[PDB]
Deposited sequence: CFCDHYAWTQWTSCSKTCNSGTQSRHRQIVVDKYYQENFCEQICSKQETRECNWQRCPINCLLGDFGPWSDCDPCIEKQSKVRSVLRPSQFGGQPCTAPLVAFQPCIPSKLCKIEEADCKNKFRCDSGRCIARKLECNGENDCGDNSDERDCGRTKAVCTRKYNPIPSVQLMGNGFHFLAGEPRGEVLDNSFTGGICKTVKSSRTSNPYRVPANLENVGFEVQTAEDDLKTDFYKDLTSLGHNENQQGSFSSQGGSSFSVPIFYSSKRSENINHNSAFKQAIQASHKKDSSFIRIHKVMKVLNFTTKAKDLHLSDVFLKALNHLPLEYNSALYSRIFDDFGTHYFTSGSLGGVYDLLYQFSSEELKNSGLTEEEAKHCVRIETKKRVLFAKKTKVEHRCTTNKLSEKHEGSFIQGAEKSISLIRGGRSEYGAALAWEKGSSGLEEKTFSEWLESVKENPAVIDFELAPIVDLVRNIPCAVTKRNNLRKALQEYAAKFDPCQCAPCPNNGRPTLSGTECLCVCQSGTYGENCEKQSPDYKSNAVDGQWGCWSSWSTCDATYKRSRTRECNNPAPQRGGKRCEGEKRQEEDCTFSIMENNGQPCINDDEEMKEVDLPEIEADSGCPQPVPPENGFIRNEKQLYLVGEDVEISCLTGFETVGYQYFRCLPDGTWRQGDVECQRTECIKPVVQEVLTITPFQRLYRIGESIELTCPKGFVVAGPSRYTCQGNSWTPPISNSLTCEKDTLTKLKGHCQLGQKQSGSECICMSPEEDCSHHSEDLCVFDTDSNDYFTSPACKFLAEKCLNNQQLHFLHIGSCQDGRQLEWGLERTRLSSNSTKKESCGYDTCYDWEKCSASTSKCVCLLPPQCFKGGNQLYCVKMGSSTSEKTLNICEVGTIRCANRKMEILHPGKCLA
């Protein structure tokens, strides 16, 4: 039978327009005579099916509704608001572009707020940083602003000599964002030096460099070897798979670089690709970040505080962006020559070289052309194979291009090392230029990390904002997980970059979604891959809570690897928590009896003094200060409060105190006495009052020599008194007198004894005046006015004076003259009419008696002239 007698219908339309439908067509069979007779039913196929439109349907970015508005209390009154990427762009879908989090102007719950409570016995840099007072006036900027050193009068040097800092030491203190493979903000302070002077010596470079406190180990010895120039081969990039965990870049050897990988994945699509990598680290330093008590950076520490206590996904994640994900525990500093070469697997297979051979040809070619390798034998296996043959014997130039994974130096210079047709990169000149840059701009290389979380350990609520942080981090990485991705054409393994999913191709496949396969590639299996996690479960009676993934997404198929890991995961679950805990002076001392301390407190500083004083009627005897001992104990003098006591008065060896005591009690008297010829000038009895006497003449007291009817004017001889000679008879100077001389208009001092004696004859020429030595006084003037009365006056008195003025009267052995009232003018009074009274302010008539009685008593008037007055 001829089957095409019954012709095909048209293919139907494809059941789908993408993601691979089917279509069919069938013979147009009529059961006619010819049909039944030619066994057409037994021998003809009657239908055809085939797949169609197997191109992937493009998937467009899908964001979600926004979250609840976010309160604001920065000095920037803006409101943060977030939505997230539900579905990531794929296979040429529309990428997402309306930014994830949008902020606006805000209404403040509280006006601009700043904090002030931080430093107790610590010192406050005016920057606000709080450092150990120990670190003050020590010849070193420990504050930053050097405030801790401003006007220091003298300083305790930490370091004997000025040592210089490791240059670029800060780079080992900056944060590391794992996912993005780039260093972020300064996170450790690595200039901080604690006052402690640790140092370390460069090989063959003069003076030691100054190690900072955070570096437990620094190294300057640099090894050179072949081992250092390493090459790997990659049949495809799916190999790179090795939650971010603390690792080493010696172990992983799988680098993410913001563009690096993506370029290479994009390259891998252009055609069936294999990759040869070749790198060589170029060190200037080892270094080991000391494990605990790291000195954070200002800016980091500040920001790491303005973080709320209650969990807050939005603002926590922000630290990762700003500061990173890890921080360097150990590493080196310099640069890394690192190039991923891209080779077309058809070329390689046509070259017939094995991986080991090809890796080698790139090794020795790099060595000759880029590194300045002294000289070497040519190797025809690398030079005359079918690939190198088409490029003047270069194997490297058989590549499509190189991608640069170089770290170190300025990017301009790294980029040049990456060859492509007609470009630079296989010229020594080029390599040396980069190499310069790498000294001028090192980078941390060959380095292990640690989660940035283990750094936030000594703030107010460390343990709080620590677990607050692991949460904000888990959810951070959640956001970058490839599970969100639709699966890929041939066991391609999806990887999320930003908000789109690039397909990483298995060797033997290319095309923009790894759809095209080369004639070698055969498989048709499908390895399993986790769908996304599930949502957390309600917290249980037990801490127990739950989460769940399903090995769907690409469901495992046709003998393809079931996805490996867990379908479920259990963590436990049921405030402001501090971090765990890792001189003091003395109490008020006890006075000695009858005293008290001059300063009451509950607590004294070690080394403080307090003074002991005494109640009234007592005085301290002994050192009067107690000192606070480090002990918490008081150092005490033998001090006490003794009762007041007078001591022994001013001893002139002449006098004799009695009772003789060395100390007298308040209330007891002494009797000062002198020998027979002598008598005490002052009183004979002083008494002890409050530790002084009544009162101690301090030498103004010694025993001077102090112990008949003739009346002492004349001396006896023949039972009859006769006038004594003044220059021959007068011995013991009588009291010194002040006598006046009418004949000489002159006064002078004289001994009474002589005066007396002289009186016998000339006395009507010399008049007494004042007791004591001559000296200006009212008496003088008075004795003047007296003597002026002059002639006409007669005197019959003998007090011992013994002369008495007319108006006065001797007191009869009482020893001095007295005044009179005008009433008693018995004896005749010469007529001194003219006199001014003063009271009546007039001139009236008055006798010498009345005139005399007024000048003696009050001396309160002026005598105009003897003889009649105006009145």
{"query": "Sequence ranges without modelled C-alpha atoms (deposited numbering)", "finding": "243-259, 592-600, 609-619, 745-749"}
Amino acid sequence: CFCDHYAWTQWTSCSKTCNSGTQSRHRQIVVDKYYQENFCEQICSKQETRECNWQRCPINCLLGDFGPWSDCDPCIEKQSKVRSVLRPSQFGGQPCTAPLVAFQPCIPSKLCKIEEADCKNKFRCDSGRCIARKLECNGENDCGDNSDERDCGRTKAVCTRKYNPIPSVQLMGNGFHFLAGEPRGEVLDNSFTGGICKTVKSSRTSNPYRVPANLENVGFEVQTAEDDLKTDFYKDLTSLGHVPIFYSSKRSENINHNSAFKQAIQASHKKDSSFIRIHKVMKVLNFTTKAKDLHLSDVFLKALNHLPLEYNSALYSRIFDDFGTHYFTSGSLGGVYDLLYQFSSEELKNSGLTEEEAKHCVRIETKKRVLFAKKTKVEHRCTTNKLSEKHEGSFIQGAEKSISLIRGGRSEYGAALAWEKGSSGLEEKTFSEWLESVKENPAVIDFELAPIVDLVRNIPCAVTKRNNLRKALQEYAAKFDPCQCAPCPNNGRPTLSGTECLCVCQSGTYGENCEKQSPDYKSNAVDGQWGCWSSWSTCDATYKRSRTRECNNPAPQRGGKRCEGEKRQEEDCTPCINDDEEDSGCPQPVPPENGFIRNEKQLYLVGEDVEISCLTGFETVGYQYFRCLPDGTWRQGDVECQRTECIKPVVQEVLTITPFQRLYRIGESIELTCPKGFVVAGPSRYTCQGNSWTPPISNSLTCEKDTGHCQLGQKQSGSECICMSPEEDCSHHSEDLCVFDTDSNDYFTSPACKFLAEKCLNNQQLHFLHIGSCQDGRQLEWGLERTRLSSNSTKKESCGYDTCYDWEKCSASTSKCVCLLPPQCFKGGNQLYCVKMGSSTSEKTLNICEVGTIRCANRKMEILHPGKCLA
From here on, numbers count along this sequence of modelled residues.
| property | result |
| --- | --- |
| 31-39 or 835-843, whichever carries the higher mean Cα B-factor | 835-843 |
| Which of 48-56 and 66-74 has higher mean CA B factor, as the PDB entry lists it | 66-74 |
| Residue selected from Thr749, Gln661, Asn164, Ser249 by maximal Cα B factor | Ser249 |
| Top residue by Cα temperature factor, when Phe261, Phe626, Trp782, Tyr234 are compared in the entry | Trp782 |
| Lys271 by Cα B-factor - lowest, middle or highest third of the modelled chain | lowest |
| Record-listed C-alpha B factor of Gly185: chain third | middle |
| Relative C-alpha B-factor of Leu603, binned into the chain's lowest, middle or highest third | lowest |
| Lowest, middle or highest third - CA B-factor, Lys479 | middle |
| Chain-wide C-alpha B factor ranking for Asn254, given as lowest, middle or highest third | highest |
